[PDB]
Amino acid sequence: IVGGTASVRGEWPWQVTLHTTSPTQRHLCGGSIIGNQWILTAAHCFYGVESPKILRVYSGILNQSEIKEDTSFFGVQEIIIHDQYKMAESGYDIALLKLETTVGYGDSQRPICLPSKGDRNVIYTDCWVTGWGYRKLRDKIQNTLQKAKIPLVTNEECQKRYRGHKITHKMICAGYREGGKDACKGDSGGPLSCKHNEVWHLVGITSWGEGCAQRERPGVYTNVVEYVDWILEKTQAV
Amino acid sequence: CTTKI
Ligand SMILES: COC(=O)Nc1ccc2c(c1)NC(=O)C[C@@H](C)/C=C/C[C@H](NC(=O)/C=C/c1cc(Cl)ccc1-n1cnnn1)c1nc-2c[nH]1
């Protein structure tokens, strides 16, 4: 996260850190708890991941230093990538992780509400991007979860900022015209959380941008509301 | 939530 500040423990209890154990253990991506055996994240996170056996999901983490060999994690039973996904820049950058065991909800770990089809029309004014990613292009993963409040940008405005890309309505952009606050390397897969009528909603999934926090280069997020039926298809399968 | 998992 660029231009952010340290989060407080329990502030973003749906935020997870997804680690890979291959070749050595390291933070891979962010993610969000959306159900008691479900993590919503970005499809591009699994580039080169041949098995869910190398994945570890850590919930209830403020600081990466809380993670040692003896720290409890959730194993991943299955990786579900959207069928139409090719690359982050073309959209469909969405994936589900089916956990091997269920998450026990509490004040440290709980789900974020998915947006409603009725909320497709609402204007969100209190949106925050969170993660342990870099604070600039050449940096390192941050120990403490960071947060940055960023305004949503219309599709029309985001399309003029990304000449040469096709910014679809399945994408949602966020950033200040002057830049300064954004997601960066290591934040992808994590949430763009917006508070509406005192309820937090998972509006976006951190996907891509041209550099980090650059002027007139909004961060591009998977527009979660456009995938509610897809998530329900996968999580509510008979 | 309105949407239930
Ligand atoms: C010690 O642990 C570590 O150092 N771990 C550690 C460190 C870094 C990274 C990983 C693990 N993960 C990977 O490399 C896994 C692979 C598949 C993802 C590739 C893409 C991913 N993009 C983002 O996270 C965000 C992009 C992004 C998103 C928005 Cl909305 C705006 C601007 C963005 N940026 C443009 N340029 N940079 N950012 C990424 N993650 C890392 C590097 N790049």
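As a basis for the values below, the full set of heavy atoms in this structure was taken, side chains included, without hydrogen atoms, waters or symmetry mates. Sequence lines set the chain letters: A, B, ... in the order given, protein chains first and strands last, and positions in each chain run from 1. Indexing begins at 1, ligand by ligand and atom by atom, following the structure's order.
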Tell me yes or no: between the side chains of [X] and [Y], is some donor less than 3.5 Å from an acceptor?
| X | Y | result |
| --- | --- | --- |
| A:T144 | A:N63 | yes |
| A:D93 | A:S207 | yes |
| A:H44 | A:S188 | yes |
| A:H165 | A:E89 | yes |
| A:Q15 | A:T130 | yes |

Nearest heavy atom to atom 42 (C) of ligand 1 wins, so pick from A:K185, A:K136, A:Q64.
A:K185
Please compare A:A213, A:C173, A:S188, A:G48 and report which has the shortest non-hydrogen distance to atom 22 (N) of ligand 1.
A:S188
How far is [atom] from its nearest protein heavy atom, and which residue and atom name does that atom have?
| atom | result |
| --- | --- |
| atom 25 (C) of ligand 1 | A:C184 O, 3.3 Å |
| atom 39 (C) of ligand 1 | A:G186 N, 3.8 Å |
| atom 20 (C) of ligand 1 | A:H44 NE2, 3.6 Å |
| atom 26 (C) of ligand 1 | A:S207 O, 4.0 Å |
| atom 32 (C) of ligand 1 | A:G211 O, 3.3 Å |
| atom 1 (C) of ligand 1 | A:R26 CB, 4.0 Å |

Can you name the ring pair (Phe, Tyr, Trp, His ring centres under 6.0 Å) partners of A:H19, sequence neighbours left out?
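Counting only residues at least two positions away or on another chain, A:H19 forms a ring pair (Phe, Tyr, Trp, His ring centres under 6.0 Å) with A:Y58.
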What part of [X], side chain, backbone, both or neither, has a heavy atom within less than 4.0 angstrom of ligand 1?
| X | value |
| --- | --- |
| A:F46 | neither |
| A:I141 | side chain |
| A:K140 | neither |

With a 4.0 Å cut-off on heavy atoms, does A:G133 reach ligand 1?
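Not so, A:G133 does not reach ligand 1.
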Looking only at distances, can you tell me whether any N or O atom of A:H27, backbone or side chain, sits closer than 3.5 Å to an N or O atom of ligand 1?
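N/O-N/O distance below 3.5 Å exists for this pair.
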What I want to know is whether A:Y221 and ligand 1 share at least one N or O pair that is separated by under 3.5 angstrom.
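A:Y221 vs ligand 1: no N/O contact under 3.5 Å.
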Closest approach of A:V225 to A:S116 (non-hydrogen atoms, all atoms of both residues)
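Result for this residue pair: CG2-O, 3.4 Å.
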Protein heavy atom under 4.0 angstrom of atom 16 (C) of ligand 1, is there one?
no
Please could you name the atoms of ligand 1 that [X] approaches to less than 4.0 Å, counting only its heavy atoms?
| X | answer |
| --- | --- |
| A:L137 | 36 (N), 37 (N) |
| A:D182 | 31 (C), 32 (C) |
| A:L28 | 10 (C), 11 (C), 12 (N), 13 (C), 15 (C) |
| A:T206 | 28 (C), 30 (Cl) |
| A:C212 | 34 (N), 35 (C), 36 (N), 37 (N), 38 (N) |
| A:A183 | 29 (C), 30 (Cl), 31 (C), 32 (C) |
| A:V220 | 30 (Cl) |

Can A:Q159 and A:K166 be said to form a side-chain contact (heavy atoms from CB on, under 4.5 Å), step by step?
CA-CA 7 Å; A:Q159 176 67 74; A:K166 179 54 202 145; 3.7 Å; yes
Taking the six-membered ring for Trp and the single ring otherwise, decide whether the centroids of A:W208 and A:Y162 are under 6.0 Å apart.
yes
Within 45 degrees of the axis of the six-membered ring of A:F73 and under 6.0 Å from its centre: does A:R56 put its NZ or CZ there?
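The answer is yes; both the distance and angle limits are met.
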Do A:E157 and A:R161 meet the salt-bridge criterion of a basic N to acidic O distance under 4.0 Å?
yes
Donor-acceptor pair, A:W128 side chain versus A:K147 backbone, under 3.5 Å?
no
Determine all donor-acceptor pairs shorter than 3.5 Å in which one atom belongs to a side chain in residues 74-87 of chain A; sequence neighbours excluded.
residue	atom	partner	partner atom	Å
A:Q77	OE1	A:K98	NZ	3.1
A:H82	ND1	A:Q84	N	3.0
A:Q84	NE2	A:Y92	OH	3.4

